[PDB]
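The structure under discussion appears below in the form of structure tokens.
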Amino acid sequence: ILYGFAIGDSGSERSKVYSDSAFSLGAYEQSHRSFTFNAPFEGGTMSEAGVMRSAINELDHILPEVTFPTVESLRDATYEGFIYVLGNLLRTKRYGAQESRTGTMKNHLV
Amino acid sequence: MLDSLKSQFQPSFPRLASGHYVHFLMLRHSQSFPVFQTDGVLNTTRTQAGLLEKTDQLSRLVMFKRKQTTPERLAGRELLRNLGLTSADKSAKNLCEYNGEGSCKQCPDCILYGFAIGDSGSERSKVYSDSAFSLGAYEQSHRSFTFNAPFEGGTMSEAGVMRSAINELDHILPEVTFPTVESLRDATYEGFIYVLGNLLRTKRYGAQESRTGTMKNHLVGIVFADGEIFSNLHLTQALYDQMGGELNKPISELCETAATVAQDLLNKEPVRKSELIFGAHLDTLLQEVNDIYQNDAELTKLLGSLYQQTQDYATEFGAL
Amino acid sequence: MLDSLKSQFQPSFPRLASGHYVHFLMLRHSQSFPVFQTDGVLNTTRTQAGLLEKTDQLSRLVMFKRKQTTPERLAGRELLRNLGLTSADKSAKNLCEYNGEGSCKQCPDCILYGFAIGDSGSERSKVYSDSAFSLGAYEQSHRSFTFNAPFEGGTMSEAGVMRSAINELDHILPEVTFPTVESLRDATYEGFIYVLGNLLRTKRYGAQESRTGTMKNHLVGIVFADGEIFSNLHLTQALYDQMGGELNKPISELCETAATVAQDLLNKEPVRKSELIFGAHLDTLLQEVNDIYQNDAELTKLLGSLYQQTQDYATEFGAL
Amino acid sequence: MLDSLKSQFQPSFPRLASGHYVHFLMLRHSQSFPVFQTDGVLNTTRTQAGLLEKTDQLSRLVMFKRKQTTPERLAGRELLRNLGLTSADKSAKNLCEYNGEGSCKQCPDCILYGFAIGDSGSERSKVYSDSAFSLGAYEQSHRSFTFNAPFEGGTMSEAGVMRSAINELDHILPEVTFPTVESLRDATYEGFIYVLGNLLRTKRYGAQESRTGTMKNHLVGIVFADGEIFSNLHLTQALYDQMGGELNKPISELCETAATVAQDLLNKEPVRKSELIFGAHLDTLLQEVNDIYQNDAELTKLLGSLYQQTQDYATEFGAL
Amino acid sequence: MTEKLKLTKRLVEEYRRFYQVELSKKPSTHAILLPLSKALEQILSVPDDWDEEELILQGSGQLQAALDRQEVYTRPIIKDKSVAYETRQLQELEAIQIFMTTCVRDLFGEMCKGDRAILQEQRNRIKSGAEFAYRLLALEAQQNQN
Amino acid sequence: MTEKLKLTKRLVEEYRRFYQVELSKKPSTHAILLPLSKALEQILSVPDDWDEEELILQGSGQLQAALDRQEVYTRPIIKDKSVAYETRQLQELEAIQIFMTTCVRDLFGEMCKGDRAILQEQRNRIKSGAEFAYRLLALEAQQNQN
RNA sequence: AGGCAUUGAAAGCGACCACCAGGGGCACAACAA
């Protein structure tokens with residue numbers, strides 16, 4: 001009822017919670033690096049049983065201390081709906097791809 | 001420029017027309033998605049592609065007959081109301097109901113574009129007009145757009161059930177050109193500035209005027225003449241043949257091609273022509289007609305005179 | 001060309017006919033949605049499709065009996081008023097009221113196209129005309145369009161009360177052709193130039209001239225003869241047979257075919273044919289006639305001369 | 001500023017209009033990746049890049065007709081419901097279904113933006129838009145993004161089968177500019193503050209409002225006139241022309257170029273122009289309208305009045 | 001030959017041969033005419049310069065890759081446990097190719113004259129007749145089985 | 001037939017000459033389309049600010065590198081004949097290069113107008129055509145004797 | 001600094017809606033001489 005749904009014969013309901021895309025305050029060249037990652041055979045080397053299995057590539061990751069200013073909004077709520085939505089903003093921390101390894105953030109409400 | 005042309009017009013409206021036609025030759029360019037329809041589809045018709053060389057059959061859109069006079073009238077009537085010459089209030093002595101029994105019988109719209117219902121009789125339009133055809137073929141000149149209408153909840157199923165608010169409609173693309181020749185039979189100089197006013201000042205055409213169908217009317221010539229010149233379809237076909245069918249060209253080049261075909265077509269008409277206003281003489285004419293319509297004292301002097309001329313016609317020859 | 005044709009004609013109008021027919025063979029092409037009606041529907045009739053081969057019945061549109069002579073007649077009267085040979089103001093010695101007493105009984109319209117109202121007798125039209133038929137069937141040759149008339153506030157309700165103004169009308173499509181012979185008996189050479197002028201200088205035909213019904217008259221032959229050639233239905237059925245009904249051909253190929261079927265038919269008519277103007281001799285003669293109708297001095301001289309001839313006729317044999 | 005403009009407007013809505021247009025001329029800058037789609041692809045059309053120079057073809061995105069009126073319109077209805085002037089509950093006497101038989105006939109939305117189905121007739125909009133075009137080429141104003149919708153387990157499998165919720169969608173980029181004119185016919189001063197309020201106060205456009213389509217409407221001018229000015233396409237072509245085909249320049253510079261182009265174009269339109277609000281007069285006018293919408297007492301007084309003005313229109317001229 | 005008219009019952013029975021839903025489930029119009037909606041969408045969506053024989057393999061692949069996005073309850077060929085799965089697939093892919101060629105030649109090519117504008121104006125009408133024809137055929141099966 | 005039937009056929013017969021999963025394994029869409037997916041991905045992943053002939057030579061090496069990760073039973077041009085390494089490797093390279101000539105100079109360059117925008121909105125449909133055409137060919141090649 | 005190794009499987013949408021009301025003649029002329 002707050003964030004919405006659409007598949008089914010029962011209906012659909014639009015989100016009461018509104019977002020934009022957020023943008024980095026600093027420029028791209030000052031706020032990223034690309035990092036090599038490799039995946040050896042667990043015998044500890046890239047030789048799988050005499051010949052190399054290829055599993056090395058690089059991926060581009062944002063640095064820490066990079067700020068995305070954002071304004072979320074909630075419409076036609078109840079007080080307990082606000083306590084849920086402000087709660088989710090305060091309580092969640094894992095944003096990006098590879099949650100299991102990265103993309104912890106801190107949302108400062110200003 | 002206009003100081004010369006006052007000599008060619010009638011000094012007041014005549015009982016019957018004596019062959020003093022002014023023709024307005026123009027290109028109506030689409031600006032944004034007009035809908036020219038009857039019976040729920042875009043009106044389109046099969047035609048020869050062009051007069052002599054391109055002789056294949058070709059479906060083209062039709063701006064059917066009234067859809068390019070009605071915007072002219074309704075923009076003119078609104079100006080008669082701004083200037084206070086006519087009025088909308090059902091108590092007033094100078095009331096004009098459009099297209100109804102309570103129509104005026106003596107204002108400039110009524111004498112120049114005509115009326116028919118009620119005891120006082122009818123008057124045929126001094127403005128003569130025709131259906132206009134898309135210069136290009138229908139298949140490259142239209143697109144179909146779907147539309148829906150959700151409940152204000154931002155859904156198609158606020159009631160728990162779907163709205164049935166979804167269907168599609170066909171719209172004419174931008175940069176599509178409809179060549180047209182409007183005509184004015186036995187007007188005064190002030191009537192000429194009123195009718196030329198509408199052609200230059202009206203902007204909206206077809207269905208959904210409040211959302212769509214802005215157009216850019218480029219007047220390419222004015223021709224003073226002893227009779228009626230070519231049909232819209234003949235100008236459309238002559239211009240397609242002149243363009244060799246490669247219609248993907250700038251609007252300004254299409255307008256000089258339109259001027260230079262139109263003069264060659266005028267050379268083949270059994271009509272005496274007194275003033276063929278084209279090119280640099282038309283630019284200075286239209287810049288002089290603009291500085292009437294931009295000036296409060298000049299426009300109110302001129303159209304008030306039309307009112308009296310048209311009132312006089314009504315009380316001497318017309319509906320009384 | 002016209003300098004040789006001058007011989008064929010008589011020097012002044014005679015009181016009784018003397019043979020001397022000139023037959024104007026035409027194809028009339030629609031250009032913009034004509035309405036040819038009586039009694040609220042397009043006039044249509046069942047006929048055999050073509051003379052010898054395609055002998056099945058077929059319904060074709062009828063451009064009925066007056067619809068192809070009043071446009072001609074009224075366009076010529078407008079010219080007589082532009083040239084100043086007649087006037088439309090009451091208290092003028094050269095008045096000609098159309099369809100009343102106070103018709104002039106001396107002008108070229110009164111003599112060539114006839115009169116019959118009031119005292120001082122009646123005059124048979126020297127222009128002989130006929131109902132023309134569409135070369136194609138009614139089903140391939142018309143469409144129904146809907147017409148609305150909303151209130152000027154832009155909608156079909158004026159106080160929440162609806163407006164009862166939606167009907168539909170049937171209109172003949174563009175590029176549909178109506179074969180014709182119109183015929184002139186006992187004309188002088190200037191009388192021939194006047195009648196031919198009307199055929200080339202007219203452009204509108206049906207109901208709602210103010211908005212619709214532009215047509216393109218291609219004169220395909222002029223034939224000098226002692227009396228009437230084949231019927232209008234007969235030229236149509238001959239032309240349909242010559243194509244086998246494959247009628248979707250460009251208008252030039254259709255006019256060039258009509259010239260050849262017309263010459264085939266003329267060779268089966270019991271009529272001495274003095275002169276047969278077709279093809280390169282006709283598109284020279286049409287050019288020599290365009291040169292008259294584009295020149296004020298030639299045209300005022302030529303129709304002024306007719307005026308005298310028709311006025312002479314009036315005082316010697318007619319109503320004076 | 002507004003204390004002077006109260007004189008330009010009507011004292012109550014008129015039966016038929018009178019040529020008292022006010023035009024709002026604005027640049028709509030994209031933020032947060034908008035979607036303007038109809039058949040599952042972003043809407044684009046081929047157009048001429050400029051007017052005099054830069055005649056070459058350019059495909060540009062189109063914010064198709066309704067997608068710029070209905071975001072404005074719905075933000076107005078919400079304010080009417082915050083102030084309690086209209087209601088959403090089915091037991092209330094001032095209920096207003098948005099789209100349905102169930103509509104109000106009397107609120108500011110219904111009389112300004114119009115209504116259509118019902119027994120009580122219909123009402124044409126007094127606020128007029130048309131489709132608005134990207135100043136830049138489509139190739140340099142869009143990007144397609146993949147989206148997926150996995151299971152909460154953080155995977156595309158729930159039973160070891162794949163869920164198949166993958167697709168890509170075409171998005172308009174930020175800092176893409178659509179030049180626009182909305183125009184208003186015969187409104188009152190309070191109706192002007194309602195629709196201008198909507199232009200300024202509504203931020204989200206097109207599809208997927210809850211996640212994208214926030215826009216910066218920079219109002220560039222407000223022009224009071226005797227008729228309608230240039231199209232959206234003509235303003236985009238003129239502004240690309242003046243910007244030299246190098247649109248990749250600051251947002252404030254693009255706004256000042258638009259103020260300069262708008263005034264250059266206005267001088268070529270055959271309309272009287274009573275008031276032209278540009279530069280410092282617009283920045284001051286906007287600030288005191290921004291003050292009206294920030295003070296609860298003034299906004300409740302002004303919009304309460306508009307309600308009455310529209311209930312009076314409805315009971316005197318509308319659906320009763 | 002006659003195929004310029006009278007298409008609609010064969011068009012629906014040719015997809016009813018590989019996709020179904022029972023009216024006892026009280027289904028949506030969207031669940032009844034699902035195969036024809038994918039076929040008409042593919043014909044109208046892909047560029048208008050492509051001609052018939054490339055559309056059939058694309059439109060069939062759009063429909064095989066969309067019925068495998070649904071429950072075997074809806075597939076009265078893949079649901080026949082009496083047959084080995086590769087021979088269910090040989091029947092499935094020949095049913096889809098035979099339906100979808102009737103949608104690209106008989107429907108679009110012949111009945112709509114190969115014109116996307118003619119097809120587009122009358123799409124909703126074509127679809128409606130297939131929904132009713134599906135119900136009409138569903139009401140035949142309960143007659144022949146009783 | 002030629003102007004798109006041969007294009008839409010040869011688009012898969014030119015990868016069947018160098019890449020084949022045998023269908024009885026019931027393989028994935030992702031496993032069948034492995035050449036076309038990496039060809040269309042390589043074409044979209046760079047702008048047209050450098051030429052189609054640079055795109056073939058960089059792309060053909062990338063596709064030959066991805067098939068150096070495939071198991072040899074998937075490469076019929078090495079599996080299905082017994083001939084010297086340098087000659088079976090040369091025919092495998094010319095089958096990979098010629099497949100990349102059609103894929104750039106006909107599929108992208110003519111059929112997709114030479115334009116990345118009309119290709120990108122079309123990938124799912126040209127993939128579903130190529131998916132369907134591969135099974136339509138492979139199961140015909142297997143089963144036409146039955 | 002060396003050899004090596006620049007990825008890999010899968011997924012490619014899913015549901016629903018394809019319109020809604022209301023208008024469908026209005027005025028007069030039926031002979032003129």
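Quick note on naming: the chains in the structure tokens go A, B, ... in the order shown, residues restart at 1 in each chain, and ligands are numbered from 1 in order of appearance.
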
(message) Select, as a PyMOL selection string, those residues of chain F with any atom no more than 12 Å from chain A (distances computed using only C-alpha atoms).
(response) chain F and resi 65-66+68-71

(message) Env of residue 74 in chain F: 9 Å cut, atoms = only C-alpha atoms (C1' of nucleotides), seq-sep filter 6 positions within chain, self excluded. Answer as a VMD selection string.
(response) chain F and resid 18 to 22 67

(message) When DSSP is applied to the backbone of this structure, which of range 64-286 of chain B are assigned helix (DSSP H, G or I)? Write them out as number ranges by chain.
(response) B: 65-68, 70-82, 108-113, 138-141, 189-201, 232-242, 251-266, 280-286

List as JSON lines every residue of chain G that is in contact with chain A, defined as an atom at most 8 Å from one of its atoms (using only C-alpha atoms (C1' of nucleotides)), together with the nearest atom pair and the distance in Å rounded to one decimal, sorted by chain and then rising number.
```
{"residue": "G:4", "atom": "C1'", "partner": "A:52", "partner_atom": "CA", "distance": 7.7}
{"residue": "G:5", "atom": "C1'", "partner": "A:54", "partner_atom": "CA", "distance": 5.5}
{"residue": "G:6", "atom": "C1'", "partner": "A:57", "partner_atom": "CA", "distance": 4.8}
{"residue": "G:7", "atom": "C1'", "partner": "A:55", "partner_atom": "CA", "distance": 4.7}
{"residue": "G:8", "atom": "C1'", "partner": "A:55", "partner_atom": "CA", "distance": 7.2}
{"residue": "G:14", "atom": "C1'", "partner": "A:7", "partner_atom": "CA", "distance": 6.8}
{"residue": "G:15", "atom": "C1'", "partner": "A:7", "partner_atom": "CA", "distance": 4.5}
{"residue": "G:16", "atom": "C1'", "partner": "A:9", "partner_atom": "CA", "distance": 6.6}
```

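Since chain F and chain E share the same sequence, their Cα atoms can be paired directly; the RMSD after superposition is 1.8 Å.
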
(request) Would you kindly return, as an NGL selection string, each protein, DNA or RNA residue with an atom no farther than 12 Å from any atom of residue 309 in chain C, considering only C-alpha atoms (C1' of nucleotides) and excluding same-chain residues fewer than 6 positions away? (result) :C and (10-14 or 106-108 or 111-112 or 187-191 or 302-303 or 315-318)

(message) Only residues of chain A matter here; which ones have an atom within 7 Å of chain D, counting only C-alpha atoms? Give them as an MDAnalysis selection string.
(response) chainID A and resid 15 17:21

(request) Find the residues around range 24-29 of chain D up to 7 Å (only C-alpha atoms (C1' of nucleotides) counted), leave out those fewer than 4 positions away in its own chain, and share them as a PyMOL selection string. (result) chain D and resi 175-183+215-223

(message) as a list in words, could you give me every residue of chain B near chain C (at most 7 Å apart, counting only C-alpha atoms)?
(response) residues 15, 16, 17, 18, 19, 38, 39, 47, 48, 55, 65, 66, 98, 99, 125, 128, 129, 130, 131, 228, 231, 233, 269, 270, 271 and 272 of chain B

Generate the output file for the selected residues, N, CA and C atoms, as a compact mmCIF listing (two decimals), in the first residue's frame.
```
# COMPACT_ATOMS: atom_id res chain seq x y z
N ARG B 15 -24.44 44.02 -55.04
CA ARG B 15 -25.61 43.14 -54.91
C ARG B 15 -25.28 41.74 -55.43
N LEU B 16 -24.68 41.62 -56.62
CA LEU B 16 -24.24 40.33 -57.18
C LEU B 16 -22.79 40.52 -57.51
N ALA B 17 -22.00 39.46 -57.50
CA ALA B 17 -20.56 39.56 -57.74
C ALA B 17 -20.17 39.82 -59.17
N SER B 18 -19.26 40.76 -59.41
CA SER B 18 -18.83 41.11 -60.76
C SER B 18 -17.46 40.65 -61.14
N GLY B 19 -16.97 39.58 -60.57
CA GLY B 19 -15.70 39.01 -61.00
C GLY B 19 -14.44 39.64 -60.53
N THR B 38 -13.31 12.27 -39.86
CA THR B 38 -14.75 12.02 -39.86
C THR B 38 -14.84 10.51 -39.72
N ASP B 39 -15.91 9.98 -39.16
CA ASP B 39 -16.13 8.53 -39.09
C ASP B 39 -15.00 7.75 -38.38
N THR B 47 -5.30 9.26 -55.26
CA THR B 47 -5.04 10.32 -56.22
C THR B 47 -3.88 9.93 -57.12
N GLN B 48 -3.76 10.54 -58.28
CA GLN B 48 -2.53 10.40 -59.05
C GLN B 48 -1.41 11.14 -58.30
N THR B 55 3.01 9.29 -62.41
CA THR B 55 1.63 8.90 -62.71
C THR B 55 1.11 7.68 -61.94
N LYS B 65 -13.43 19.61 -46.13
CA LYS B 65 -13.75 20.97 -46.55
C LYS B 65 -13.89 22.07 -45.51
N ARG B 66 -14.69 21.87 -44.47
CA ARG B 66 -14.92 22.89 -43.45
C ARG B 66 -13.77 23.03 -42.47
N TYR B 98 -23.48 31.87 -33.33
CA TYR B 98 -22.96 31.08 -34.43
C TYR B 98 -23.86 29.90 -34.74
N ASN B 99 -23.92 29.56 -36.02
CA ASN B 99 -24.41 28.28 -36.54
C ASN B 99 -25.78 27.86 -35.96
N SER B 125 -21.46 32.60 -48.78
CA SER B 125 -20.14 33.07 -48.41
C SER B 125 -19.43 33.78 -49.55
N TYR B 128 -14.58 31.63 -50.57
CA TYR B 128 -14.67 30.34 -51.24
C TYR B 128 -13.45 29.49 -50.85
N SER B 129 -13.65 28.21 -50.62
CA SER B 129 -12.65 27.33 -50.02
C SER B 129 -12.76 25.92 -50.58
N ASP B 130 -11.74 25.11 -50.35
CA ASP B 130 -11.71 23.75 -50.84
C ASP B 130 -11.04 22.76 -49.88
N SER B 131 -11.35 21.47 -49.99
CA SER B 131 -10.58 20.42 -49.32
C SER B 131 -9.13 20.47 -49.76
N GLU B 228 -11.77 32.13 -61.12
CA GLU B 228 -11.18 31.07 -60.33
C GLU B 228 -10.01 30.35 -60.99
N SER B 231 -7.56 24.13 -58.84
CA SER B 231 -7.98 23.38 -57.64
C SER B 231 -6.80 23.07 -56.72
N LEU B 233 -6.09 20.15 -55.48
CA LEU B 233 -5.51 18.88 -55.90
C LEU B 233 -4.55 19.09 -57.05
N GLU B 269 -4.22 29.56 -67.16
CA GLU B 269 -5.59 29.82 -66.73
C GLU B 269 -6.24 30.86 -67.65
N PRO B 270 -7.47 30.67 -68.16
CA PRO B 270 -8.17 31.66 -68.97
C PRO B 270 -8.74 32.78 -68.09
N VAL B 271 -7.88 33.41 -67.29
CA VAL B 271 -8.23 34.47 -66.36
C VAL B 271 -7.27 35.64 -66.47
N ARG B 272 -7.80 36.86 -66.62
CA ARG B 272 -7.04 38.11 -66.52
C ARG B 272 -6.55 38.33 -65.10
```

(request) Would you work out the distance separating CA of residue 126 in chain B from CA of residue 192 in chain B, expressed in Å to one decimal? (result)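 CA of residue 126 in chain B sits 10.7 Å away from CA of residue 192 in chain B.
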
(request) Kindly indicate which residue among E:80, E:110, E:86, E:48 lies nearest to chain B, using only C-alpha atoms for the distances. (result) E:48

(request) With a cut-off of 10 Å and counting only C-alpha atoms, select all residues of chain F in contact with chain D and give the selection as JSON, numbers by chain. (result) {"F": [115, 116, 117, 118, 120, 121, 124]}

(message) Please check the contacts: residues of chain F at most 12 Å away from chain E, using only C-alpha atoms, listed as an NGL selection string.
(response) :F and (1-12 or 23-26 or 28-29 or 107 or 110-113 or 118-119 or 121-140 or 142-144 or 146)
